[PDB]
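Here is the structure we will look at, set down as structure tokens.
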Amino acid sequence: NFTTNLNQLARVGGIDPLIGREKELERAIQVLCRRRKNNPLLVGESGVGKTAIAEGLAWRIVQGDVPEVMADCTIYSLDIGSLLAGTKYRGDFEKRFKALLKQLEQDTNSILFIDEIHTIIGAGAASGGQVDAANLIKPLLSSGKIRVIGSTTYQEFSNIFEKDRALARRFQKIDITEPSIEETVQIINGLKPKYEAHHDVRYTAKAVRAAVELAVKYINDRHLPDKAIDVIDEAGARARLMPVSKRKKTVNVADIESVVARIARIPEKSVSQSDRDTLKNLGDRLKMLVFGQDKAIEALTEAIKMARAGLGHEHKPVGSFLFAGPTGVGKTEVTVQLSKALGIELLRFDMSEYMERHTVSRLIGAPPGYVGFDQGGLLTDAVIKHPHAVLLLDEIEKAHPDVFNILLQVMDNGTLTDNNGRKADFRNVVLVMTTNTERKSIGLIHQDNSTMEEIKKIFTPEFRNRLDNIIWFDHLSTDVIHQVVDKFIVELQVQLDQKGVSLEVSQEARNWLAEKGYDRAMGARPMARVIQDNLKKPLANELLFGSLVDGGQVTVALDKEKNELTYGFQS
Amino acid sequence: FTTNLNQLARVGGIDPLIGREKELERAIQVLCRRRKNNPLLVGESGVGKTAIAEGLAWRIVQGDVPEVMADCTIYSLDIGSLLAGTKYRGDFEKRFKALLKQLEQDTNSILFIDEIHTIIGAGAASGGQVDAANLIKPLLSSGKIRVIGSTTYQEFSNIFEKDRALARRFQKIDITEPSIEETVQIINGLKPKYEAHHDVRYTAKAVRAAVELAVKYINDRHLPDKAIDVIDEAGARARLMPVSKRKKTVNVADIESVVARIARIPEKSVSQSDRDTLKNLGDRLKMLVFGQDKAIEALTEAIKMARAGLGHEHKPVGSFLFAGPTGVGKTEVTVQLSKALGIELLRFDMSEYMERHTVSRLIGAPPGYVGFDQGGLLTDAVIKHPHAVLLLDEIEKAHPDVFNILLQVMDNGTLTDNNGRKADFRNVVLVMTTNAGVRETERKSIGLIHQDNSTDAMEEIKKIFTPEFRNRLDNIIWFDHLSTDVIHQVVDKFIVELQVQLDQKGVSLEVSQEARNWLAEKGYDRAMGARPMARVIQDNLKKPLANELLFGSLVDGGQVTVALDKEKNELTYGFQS
Amino acid sequence: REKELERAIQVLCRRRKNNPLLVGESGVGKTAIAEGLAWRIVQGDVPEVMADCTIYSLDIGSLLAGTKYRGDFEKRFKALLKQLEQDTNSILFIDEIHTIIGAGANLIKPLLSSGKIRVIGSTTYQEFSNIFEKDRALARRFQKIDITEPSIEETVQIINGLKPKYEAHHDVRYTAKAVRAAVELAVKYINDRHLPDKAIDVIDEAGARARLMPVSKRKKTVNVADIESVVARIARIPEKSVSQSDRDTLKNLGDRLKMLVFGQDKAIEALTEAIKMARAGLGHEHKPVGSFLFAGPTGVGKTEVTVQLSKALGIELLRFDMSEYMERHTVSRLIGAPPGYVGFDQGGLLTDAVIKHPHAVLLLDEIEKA
Amino acid sequence: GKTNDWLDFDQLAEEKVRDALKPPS
Ligand SMILES: Nc1ncnc2c1ncn2[C@@H]1O[C@H](COP(=O)(O)OP(=O)(O)OP(O)(O)=S)[C@@H](O)[C@H]1O
Ligand SMILES: Nc1ncnc2c1ncn2[C@@H]1O[C@H](COP(=O)(O)OP(=O)(O)OP(O)(O)=S)[C@@H](O)[C@H]1O
Ligand SMILES: Nc1ncnc2c1ncn2[C@@H]1O[C@H](COP(=O)(O)OP(=O)(O)OP(O)(O)=S)[C@@H](O)[C@H]1O
Ligand SMILES: Nc1ncnc2c1ncn2[C@@H]1O[C@H](COP(=O)(O)OP(=O)(O)O)[C@@H](O)[C@H]1O
Ligand SMILES: Nc1ncnc2c1ncn2[C@@H]1O[C@H](COP(=O)(O)OP(=O)(O)O)[C@@H](O)[C@H]1O
Ligand SMILES: Nc1ncnc2c1ncn2[C@@H]1O[C@H](COP(=O)(O)OP(=O)(O)O)[C@@H](O)[C@H]1O
Ligand SMILES: [Mg+2]
Ligand SMILES: [Mg+2]
Ligand SMILES: [Mg+2]
Ligand SMILES: [Mg+2]
Ligand SMILES: [Mg+2]
């Protein structure tokens, strides 16, 4: 059972020098210089440089910048796959594990570095609940002169470690602090010449800072030390492959945007100088998909640009808004189009189902020891999955008062805590609250049910005061309604163009559809259903029976007396 | 030992690559990286994972690949050759490391490894005696030679992404089946080889129609796996079926016969079968199930509008809610709807998913759960039959979380599984049955005159089901109550079954027309439909006959005369020898 | 099997994946499909492309008898494969291919990849799913074929072909009506088994039963009564022509149950009528004899009638106290423990009890508490 | 109010094996 050597590798190559870990290195050295219980335990997280500390110690000894008492030591990295190989044998693990220790006794100054200690030290050969998993090393660690550098995550530390008190006392925890962007900027600088020599490229200072800053802003799943190098590594490969006779050896910020976007699974949102083009004409391109409530577009687009300019607050979301207008105006349409414009996902929730007292926990999750804990909360889960999406909450006024408190904490601090101990980042989510009857007037003679002080009455000042700006939506004007129905006719036209037909429909047909489709209270919600049956169903049957399969010509005819939409078919 | 696939491309034995251009750039991207430079292709079998590696060697010969890796000669290894000579003591390990030493001296090459899960899976894979998992780690850690692998979503999840060493060495690539149009081009490339082998000639429409139809009737493998086999099989079947006067010419009719045999159907498949089955969908369905003329007609119109294509391709073909009481033949039309359209049936009783935890089971439970090993029932069922019909009875009892998964299908037509595969719903129709409203409709009021008109049972539908969910639904089909004429046919159906069982014993059964009417009112309950008709027949008809059969005149097939008594208004049974 | 055999020949002629895999359920005639192929070669009905092609049936047991000190396994396979390959027309046939793939390694993977030699493999749907799907290399070369069941009329011909062997061994004569009865009766009642296997089991059993009754040679002719007896015995359907000895129990089941339990006559009538109905044959063939929910005041004979019913009918009472199964996890006891867990050794209490006593009354006391 | 759920914990059976060898000669 051979074990990889970390000093032989560093003397030939393949071991990258560790930078900026003076404090952690000194602690590991100090721990390894102890007489008893000299077994460091590099407790960290995923993506942080845990193995780097261990491999850094190897290049330090080779170079010689180590205390003479701690010199001449050879760090050995055992192959877990080798020891764990072989099964259904009474002594395979014992022979392999005790062979490594025996071959290590010959070198009384050698150090052992076991990566992923929890895998082999949690259950080595725990067949049928055997208790031999970690009992072999325990006497060796406390008494034996053999040292065992362990590296595990913080979560695994709690799940397995600290429960076996005997094993925990024989290990010295070494806490990692997840270095900040500034610390990571110096780390990538030292590694810049190494990557530049392999890819024969050059990285600009702007690109280095942009890559680390963009990864933390968008790549939340991975940690900063490893993910940042991933972007730099990928940009070098892409900077070399994409050029065709251009010979663009330099690596500008542009290449960084491409790789981060692709690895983040987003539609080009994480790009520099590209958003400014859309921000310049965000309202213009939005006005082509929405008709009316133009004043609302100005309030929404300015706040978005205000937040994107980097002048907002760090402990608050990009912007909290309370869209207020009668039902059907199109606040949801503005949001469903804003997300596609800004290249962000869309989160849609309805507070109608969260009006009970026990249903509020469905957003943040049930407390531990109660029903609903395992899956968690849909709100915090969706936010963690898409921290850049747009949050839409329909009919917020119906929500229970406890739910308002949850939103208050979000708008005040910009973060929520999941029932599993996670932290839902809200600093990059556009919070959108929509606020607004079907039953006829209860009177002898029916009457109109159409409906600044209204919001103050239905919303406490503490909630209103936390909003960035309350955008108002104007009632759909009669002239505007003619524009809205045109979008459905042209939408069907492009859909029908794929089949090969052209609808002759003119404003005469839209006249009846307008009043029938649009309602003052329901708004334009029945409008979609109108085309679904009146315009789509009749053409569908004839189009498929064979008359218009190989190219078709259709038309519309509305008779005053019939008060219905007739159709004409040709081919 | 190893085979230099790169050399084969220079020789010209390898074939050109048709498609998968985007995937090829990703492989080149990873290889140029200093770290995490080992590509990993994870996909289902038949997607053509190995085609990408084979094609990669071909492009280097052309020189389009960057000159940085032009000199690189991609190699390949087969575990079969390595596994040989098992009797020798560690020859498998001894000869594998020797190969690396040869490759290390060159220090410039890539090594394709088909079914890499086996090498890393030292005993994890079924019948695995390989111990090369540890062997690869030294070469990969040094980084002198890159490796390209191949695995599936099942193995990748259970094995890959767990070991940190593999996570920082192999990069996940999402190989996906190509477009239908792309599949046609691939067949065109291999035309001279396949045609020359069988000395046959098939037209463009034959291979084109084959891919569009093979997907419908075949599910065991991906798109460009059966298609390459179907044309091969068609040429082989054509070569040998004629004893003489060989019909080398291949037309659309010939491919229809071979696919029918493997499909195990009685020639119903056709190139435009969908258009033919849709026109005669209404008339061929009403005959099978009596009644529900208004509901059946509405359902047929919805499927026609969807197939027309004037909508959203991502949305499912149809979302229908079969409202109304049970026992009105709602499940029957669903059963016959699939049989008419030549598709399978996937019945799921949602009454067993009345808890929040069970909801996760549908899309895959967390590790260590019984459902997790099996996988998501909804996703696995759809993958096994992407054209069948989904039936979810008693949706009003299901947890509100279940609606969330259904929303993703009706809004996106795709449900990501924990394994990572994406389900296809654009060709699946979902039909839900609910009894909500019937209880309220039959709720007699507190008054002298019963409020006979209590059909305003839509509020309950809206109350139980959130507006968001029902909003997407196309139409809430309301099933009517069977008329006395239909009920009479149902009684005859149960009577015929009884007569058939009785005929095996030599016993006839005569039932008057008036007696049947008595069973109609008692057998059919407005709140329960015609479901109690099977129980009333057992209690009113089978019980008296059983006593006479065991000990009586009916011991050996004598006679039966069932007649209703007008004075008592009760069924009377006459027994004769 | 003219359509099933056609599938094998066409795939064999294919340039690639020329390895027919006859995947079918147990007792479906999978070996007959390949055994029948050899017959047609001599007759010459097979297409000329594959005419004059030898078929070799490999014996796993013969090759497994390794005499050499661990060198026989590889030497036997290596020499055997070359003998079949040099001819270039032989199409090897391996029944129960799953055994060869499993360690006992195979060393036949290079041969399969080259495709120079065609090998036919038979395997059950169970084993095919467990191992062949995992190894894409092995299952890629093999093209899964589907064999579900033969036609009803064709089965009668197969029985006639095999009838002389059974008649000679049992010294009995099977009437044409009896054979048709067995096929029709067996398929209708024994749903779990398949038409080819069960059809020959009843025929073999029917002959033994007739010969065994008389000490001397007699009862040569076999009547449909025996076929009904053996098919009913395996299917467990209540046999017709009930004996007068058993016509007293059912006749006096209510009177006996009324003496032990007084009152609540409706409960006794429902139970006795359902039991009598089942014996008559006018009962569901896919549902229990009777599902009855007994509710009422305390001490009204709800449990007593069930216990006495078992005693009167002389069948074991599988009494289960549902109060124990309050929790969902307790369901494992009834359905069964998982295959790999610690309790896998213990079987399902409900499943094992029902298997041990198929006709036993099942009493689920206090079902609501479950 | 609320319902306090209970999480059952499963136990898995894993057993070691020993090999009785046969001398070749
Ligand atoms: N001003 C508009 N311009 C374009 N399309 C519109 C407009 N208003 C409504 N629509 C269309 O009508 C559809 C249905 O309206 P909804 O989006 O459901 O309304 P809503 O969000 O409930 O209304 P409020 O007033 O925002 S609560 C939208 O999705 C659009 O397709
Ligand atoms: N088409 C057929 N022609 C002739 N005999 C047939 C045919 N189909 C089935 N049989 C008979 O079925 C029997 C053969 O069964 P086998 O195929 O050997 O069963 P098997 O595959 O070994 O069964 P298991 O359960 O899978 S081990 C013989 O009695 C055959 O004569
Ligand atoms: N109808 C009855 N005729 C004769 N003995 C009876 C009758 N009902 C109850 N007993 C007697 O009362 C005792 C209990 O009867 P069981 O039928 O076991 O009660 P049970 O119906 O299970 O009770 P609970 O309280 O409803 S669970 C025994 O001694 C029975 O013999
Ligand atoms: N401080 C650092 N200096 C240099 N490289 C670092 C540093 N922190 C992390 N890395 C790099 O992180 C990469 C991947 O993570 P690694 O350091 O192996 O830790 P882990 O095994 O915990 O993921 C290594 O290639 C290593 O060079
Ligand atoms: N894009 C493609 N270009 C060329 N050949 C392809 C393509 N996709 C599939 N094929 C061919 O179809 C078959 C696909 O087999 P494949 O899925 O690679 O097998 P496996 O899953 O065992 O690796 C091969 O014959 C392959 O050459
Ligand atoms: N319109 C109908 N035409 C023919 N048979 C019908 C019709 N409606 C109901 N039935 C029959 O009545 C019964 C309806 O209840 P069933 O579907 O058996 O209930 P469940 O789904 O609860 O098992 C079935 O036997 C069904 O075939
Ligand atoms: Mg590491
Ligand atoms: Mg391949
Ligand atoms: Mg029904
Ligand atoms: Mg056999
Ligand atoms: Mg009791």
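Chain labels run A, B, ... following the order of the structure tokens; each chain numbers its residues from 1, and ligands are numbered from 1 in the order shown.
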What residues have any atom no more than 7 Å from ligand 2 when counting only C-alpha atoms and all ligand atoms, and can you list them as a PyMOL selection string? chain C and resi 1+25-33+36+124+150+158+162+196-197+200
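With the cut-off set to 7 Å and only C-alpha atoms counted, chain A residues close to chain D are residues 88, 89, 90, 127, 128, 369, 370 and 371 of chain A.
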Written file, previous selection with N, CA and C atoms, as a PDB file, in the first residue's frame:
```
ATOM      1  N   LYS A  88     -15.000  -7.616   1.866  1.00  0.00           N
ATOM      2  CA  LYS A  88     -15.469  -8.936   2.292  1.00  0.00           C
ATOM      3  C   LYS A  88     -14.307  -9.811   2.766  1.00  0.00           C
ATOM      4  N   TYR A  89     -13.337  -9.184   3.430  1.00  0.00           N
ATOM      5  CA  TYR A  89     -12.191  -9.871   4.007  1.00  0.00           C
ATOM      6  C   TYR A  89     -12.033  -9.388   5.441  1.00  0.00           C
ATOM      7  N   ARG A  90     -11.783 -10.328   6.352  1.00  0.00           N
ATOM      8  CA  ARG A  90     -11.695  -9.995   7.771  1.00  0.00           C
ATOM      9  C   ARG A  90     -10.538  -9.053   8.088  1.00  0.00           C
ATOM     10  N   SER A 127     -18.359  -2.884   9.558  1.00  0.00           N
ATOM     11  CA  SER A 127     -19.257  -3.915   9.059  1.00  0.00           C
ATOM     12  C   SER A 127     -20.066  -4.451  10.233  1.00  0.00           C
ATOM     13  N   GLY A 128     -21.388  -4.457  10.091  1.00  0.00           N
ATOM     14  CA  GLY A 128     -22.245  -4.914  11.175  1.00  0.00           C
ATOM     15  C   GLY A 128     -22.037  -4.133  12.454  1.00  0.00           C
ATOM     16  N   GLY A 369     -37.770  19.707  14.594  1.00  0.00           N
ATOM     17  CA  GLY A 369     -38.610  18.844  15.395  1.00  0.00           C
ATOM     18  C   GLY A 369     -40.086  18.923  15.087  1.00  0.00           C
ATOM     19  N   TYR A 370     -40.469  19.548  13.975  1.00  0.00           N
ATOM     20  CA  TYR A 370     -41.862  19.693  13.583  1.00  0.00           C
ATOM     21  C   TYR A 370     -42.029  19.341  12.111  1.00  0.00           C
ATOM     22  N   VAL A 371     -43.282  19.065  11.740  1.00  0.00           N
ATOM     23  CA  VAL A 371     -43.611  18.709  10.364  1.00  0.00           C
ATOM     24  C   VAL A 371     -43.202  19.831   9.418  1.00  0.00           C
TER      25      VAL A 371
END
```
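Distance annotation: of C:68, C:180, C:369, C:173, the residue with the minimal separation from chain D is C:68; atom set is only C-alpha atoms.
Using only C-alpha atoms, the residues found no farther than 10 Å from residue C:86, other than those of its own chain fewer than 4 positions away, are residues 81, 82, 90, 116 and 117 of chain C.
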Residues at most 10 Å from residue A:402, counting only C-alpha atoms, excluding those fewer than 6 positions away in the same chain, as a list in words? residues 355, 356, 357, 360, 361 and 408 of chain A
Would you put the residues from that selection into a file with N, CA and C atoms, as a PDB file, in the first residue's frame?
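selection.pdb, freshly written:
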```pdb
ATOM      1  N   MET A 355     -52.351  32.884   4.222  1.00  0.00           N
ATOM      2  CA  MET A 355     -53.123  33.745   5.107  1.00  0.00           C
ATOM      3  C   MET A 355     -53.334  33.141   6.490  1.00  0.00           C
ATOM      4  N   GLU A 356     -53.072  31.848   6.660  1.00  0.00           N
ATOM      5  CA  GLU A 356     -53.221  31.191   7.946  1.00  0.00           C
ATOM      6  C   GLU A 356     -51.993  31.449   8.815  1.00  0.00           C
ATOM      7  N   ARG A 357     -52.106  31.081  10.090  1.00  0.00           N
ATOM      8  CA  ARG A 357     -50.999  31.271  11.021  1.00  0.00           C
ATOM      9  C   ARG A 357     -49.936  30.192  10.849  1.00  0.00           C
ATOM     10  N   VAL A 360     -47.471  30.349   7.428  1.00  0.00           N
ATOM     11  CA  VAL A 360     -46.362  31.287   7.283  1.00  0.00           C
ATOM     12  C   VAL A 360     -45.031  30.550   7.270  1.00  0.00           C
ATOM     13  N   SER A 361     -44.932  29.437   8.002  1.00  0.00           N
ATOM     14  CA  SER A 361     -43.692  28.672   8.041  1.00  0.00           C
ATOM     15  C   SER A 361     -43.325  28.052   6.698  1.00  0.00           C
ATOM     16  N   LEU A 408     -40.177  42.582   6.589  1.00  0.00           N
ATOM     17  CA  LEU A 408     -39.540  43.723   7.238  1.00  0.00           C
ATOM     18  C   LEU A 408     -38.078  43.414   7.524  1.00  0.00           C
TER      19      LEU A 408
END
```
Please identify the residues whose atoms come within 7 Å of ligand 3, using only C-alpha atoms and all ligand atoms, and report them as a PyMOL selection string. chain C and resi 260-264+296-305
With N, CA and C atoms retained, export the selected residues as a compact mmCIF listing (two decimals), in the first residue's frame.
```txt
# COMPACT_ATOMS: atom_id res chain seq x y z
N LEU C 260 -73.21 -20.88 18.59
CA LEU C 260 -72.09 -20.31 19.32
C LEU C 260 -72.31 -18.83 19.61
N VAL C 261 -72.81 -18.09 18.62
CA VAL C 261 -73.06 -16.66 18.73
C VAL C 261 -74.54 -16.43 18.48
N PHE C 262 -75.24 -15.92 19.49
CA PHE C 262 -76.66 -15.66 19.39
C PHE C 262 -76.90 -14.21 18.99
N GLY C 263 -77.89 -14.00 18.14
CA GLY C 263 -78.20 -12.67 17.65
C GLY C 263 -77.24 -12.30 16.54
N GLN C 264 -77.42 -11.08 16.03
CA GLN C 264 -76.58 -10.56 14.95
C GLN C 264 -76.55 -11.52 13.76
N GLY C 296 -69.83 -1.83 15.75
CA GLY C 296 -70.94 -1.90 16.67
C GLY C 296 -70.53 -1.69 18.12
N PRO C 297 -71.49 -1.84 19.03
CA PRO C 297 -71.19 -1.69 20.46
C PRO C 297 -70.23 -2.76 20.94
N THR C 298 -69.69 -2.53 22.13
CA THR C 298 -68.76 -3.47 22.73
C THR C 298 -69.46 -4.77 23.10
N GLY C 299 -68.73 -5.87 22.97
CA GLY C 299 -69.25 -7.19 23.32
C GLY C 299 -70.48 -7.64 22.55
N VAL C 300 -70.51 -7.39 21.25
CA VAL C 300 -71.63 -7.79 20.40
C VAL C 300 -71.25 -8.93 19.45
N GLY C 301 -70.15 -9.63 19.73
CA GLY C 301 -69.73 -10.75 18.91
C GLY C 301 -69.02 -10.40 17.62
N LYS C 302 -68.38 -9.23 17.54
CA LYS C 302 -67.66 -8.87 16.32
C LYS C 302 -66.47 -9.79 16.10
N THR C 303 -65.67 -10.01 17.15
CA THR C 303 -64.51 -10.87 17.06
C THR C 303 -64.86 -12.35 17.21
N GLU C 304 -65.86 -12.66 18.04
CA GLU C 304 -66.24 -14.05 18.28
C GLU C 304 -66.71 -14.74 17.01
N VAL C 305 -67.51 -14.06 16.19
CA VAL C 305 -68.01 -14.67 14.96
C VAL C 305 -66.85 -15.01 14.03
```
